[PDB]
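Note that each Cβ is placed from the backbone with ideal geometry, even for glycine, and that neighbours are counted across all protein chains shown. Since every read-out is calculated from the coordinates, none of them should be taken as a lab result.
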Amino acid sequence: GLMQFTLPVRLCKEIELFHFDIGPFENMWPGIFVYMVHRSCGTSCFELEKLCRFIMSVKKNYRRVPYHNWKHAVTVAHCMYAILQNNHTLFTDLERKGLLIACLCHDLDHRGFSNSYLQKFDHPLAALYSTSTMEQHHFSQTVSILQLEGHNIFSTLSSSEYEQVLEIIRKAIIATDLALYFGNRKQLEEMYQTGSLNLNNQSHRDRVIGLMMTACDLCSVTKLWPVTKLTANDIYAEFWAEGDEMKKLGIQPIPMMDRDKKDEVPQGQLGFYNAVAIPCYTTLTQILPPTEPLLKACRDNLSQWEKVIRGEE
Ligand SMILES: Cn1c(=O)n(C)c2cc(NC(=O)CN(c3cccc4ccccc34)S(C)(=O)=O)ccc21
Ligand SMILES: [Mg+2]
Ligand SMILES: [Zn+2]
């Protein structure tokens, strides 16, 4: 009950900032996550013993892929931690509990391939789930781990509170399917501009939580340039392997995934920043003004990719 997690001074200060990097020491990431739950939620949200057993079963079920790994899970949870702490009074007790868990679990048992590669491979998961294939799998794995003995971190909630939080987690994890992001942000745009955005409309909250999840999931584009640049190598290492596996099926992959077209990467980044990331953090900053540092950092990194193209690095 009286057992706080405390971090070293540099981490204690830097963890509050959006651009915080969780660092290369794997063994500190569980402590970082717990620290965040305790300040985001309270020392009493979760029985520590159950939380710790949950965190380690979740860690065990992330695979050793270059990008979609345990480190990505904790990075995405940290961004959500920053958004929740800069928007203290906007979110329910259940939402604060559910969203940090949703983020930690959002890519459970990812294999480093897109939904598209499962569909063309004809992977069994693509028969079981026709859309948001990996994301429905991630939620399924979350429910599995919650049902291991000693792993029910929500055991003290009522029957209806438990169903509310598992429903927040399901919507939150489905929303990380970027195919769904485009329409979700367009609707949030229209709603904000016509002035119909109402945070007491559950269907509006759902949409706003969906955009937060896209924002946290993409948060590698909002780090200081050297973090963003080095993470892009991990991302492209998965993409090029997928490209390779497409060619193995007799399918020319999109250039973003073709390792023979590495030259085209910097222009592809611009595309991605302009088509996906900037629109995402723009709309998020309109709905949640204190999340502006994410937009500013995203713009700084767009400018750094422009410099890569212009030969200036
Ligand atoms: C930090 N960071 C970064 O620098 N890049 C390039 C990043 C890409 C993603 N994530 C995807 O690029 C996902 N994909 C998509 C791309 C475009 C439209 C899609 C539309 C629908 C679905 C999927 C789309 S993909 C190629 O097909 O796997 C996440 C983080 C990134
Ligand atoms: Mg995912
Ligand atoms: Zn992810």
Given the Cα-Cα distance of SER144 and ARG111 and 0.36 nm per residue of separation, how much length would full extension add, in nm? 10.1 nm
Residue by residue through the range 85-94, the couplings from Karplus 6.51 cos²θ - 1.76 cosθ + 1.60 with θ = phi - 60°, in Hz, x for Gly and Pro, are 6, 8, 9, 3, 8, 7, 10, 6, 5, 5
Highest mean first, what order results for 243-253, 47-57, 163-173 on Cβ atoms within 10 Å? 163-173, 47-57, 243-253
Looking at this model, which pairs from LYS248/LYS307; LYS97/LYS223; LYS171/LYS261 are more than 27 angstrom apart at the alpha-carbon? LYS248/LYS307; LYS171/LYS261
Contour minus end-to-end for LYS186 and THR43, with contour as 0.36 nm per residue of separation and end-to-end as the Cα-Cα distance? 47.7 nm
C-alpha long axis of helix 133-146 to longest principal axis of the chain, angle in °: 30 degrees
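When the dipole is taken about the Cα centre of the range 1-117, and only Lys, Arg (+1) and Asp, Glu (-1) are charged at their Cβ, what size is it in debye, to the nearest 20?
Values: 13 positive and 10 negative charges, 60 e Å.
In total the dipole reaches around 280 debye.
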Rounded to the nearest 10, the angle in degrees between the Cα long axis of helix 29-40 and the longest principal axis of the Cα atoms of the chain comes to 60 degrees
Cα-based shape type of the range 109-220, given that a ≥ b ≥ c are square roots of the gyration tensor eigenvalues and the cut on a/c is 1.5: oblate
Compactness ratio of the range 195-289: Cα Rg over 2.2 N^0.38 Å, N = residue count? 1.37
With each run of n ≥ 4 DSSP H residues scored as -39500 (n - 2.57), what mean residue ellipticity at 222 nm is computed for the chain after dividing by its residue count and rounding to the nearest 500 deg cm²/dmol? -20000 deg cm²/dmol
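Of the peptides 269-275, 213-219, 33-39, how do they stack up when ordered by the mean number of other Cβ atoms within 10 Å, highest first? Don't skip to the end; give the middle numbers.
Details: 269-275: 16.4, 213-219: 25.4, 33-39: 20.9.
So the order, starting with the most tightly packed, is 213-219, 33-39, 269-275.
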Estimated FRET transfer efficiency (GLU26, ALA127; beta-carbon r; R0 41 Å; 0.05): 0.75
Charges only on Cβ, +1 for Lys and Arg, -1 for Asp and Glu: so what's the dipole of the chain about the Cα centre, in debye to the nearest 20? 280 debye
Rounded FRET efficiency, nearest 0.05, which uses the C-beta distance separating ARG10 from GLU292 and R0 of 22 Å: 0.40
For a footprinting-style exposure proxy, rank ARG111, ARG310, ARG185 by other Cβ within 10 Å, fewest first. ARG310, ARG111, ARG185
Pop out the ³J(HN,Hα) list for the range 269-285 in order, Karplus 6.51 cos²θ - 1.76 cosθ + 1.60 with θ = phi - 60°, rounded to Hz; leave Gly and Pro as x. 4, 3, x, 4, 4, 6, 7, 10, 5, 4, x, 4, 6, 3, 3, 5, 5
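For the chain, what number results from the quotient of the Cα radius of gyration and 2.2 N^0.38 Å?
Details: Rg = 19.3 Å, N = 313, 2.2 N^0.38 = 19.5 Å.
The reported ratio for this selection is 0.99.
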Partnerless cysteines, meaning none of the other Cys C-beta atoms lie under 4.7 Å away, in the chain: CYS12, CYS52, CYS103, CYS105, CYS280, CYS298
Peptide ranges 143-156, 71-84 listed from the most packed, as the mean C-beta count within 10 angstrom indicates: 71-84, 143-156
In nanometres, what is the gap between the two model label sites at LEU230 and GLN202, each 7 Å from Cα along Cα-to-Cβ? 4.4 nm
Placing +1 on the Cβ of each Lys and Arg and -1 on the Cβ of each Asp and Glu in the chain, which of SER196, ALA275, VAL265 has its Cα farthest towards the positive end of the resulting dipole? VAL265
